[PDB]
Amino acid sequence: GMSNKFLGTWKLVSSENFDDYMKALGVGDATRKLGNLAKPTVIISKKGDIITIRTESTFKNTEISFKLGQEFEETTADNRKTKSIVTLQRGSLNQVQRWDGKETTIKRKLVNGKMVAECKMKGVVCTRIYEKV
């Protein structure tokens, strides 16, 4: 299953192309301004086969609990009501969000101890790097 190296508290240290990714989601100007200034902490925890990913930031908090491969209702930070699935592909934790005929992916993988989150929407790719704290 998911590597236990995912479990723990993660702090954003780098974000690239987040503004254009938010635009792709349809996020308004003022919201993106605070979204680009946020330095969220991500906590990944596990209770049995239920994985929990909590994101904490001054602006917004989110939390999703899921089992690999099983669709679930999700509310994103920008307040999208999506049906989402998390899968494992070569150790990569890949989350797909679907809503209003749209689709975006957030792929999380471990690289030299860092967690690297690739966010894709249409032809827009955003990379966010976290470090274990």
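When you see a residue number, it is the position in the sequence shown, counting from 1.
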Study note, to complete from the structure: Split the chain's modelled residues into thirds by Cα B-factor; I129 lands in the middle
Exercise for review: Just say lowest, middle or highest third for the CA B-factor of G28 relative to the other modelled residues in its chain.
Suggested key: lowest
Point to revise | Third of chain Cα B-factors occupied by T58 | key: middle
Check your understanding: Once the chain's modelled residues are ordered by C-alpha B factor and cut into thirds, is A117 in the lowest, middle or highest one?
Key -> lowest
Practice item. State the tercile, meaning the lowest, middle or highest third, of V13 with respect to the CA B-factors recorded for its chain. Key: highest
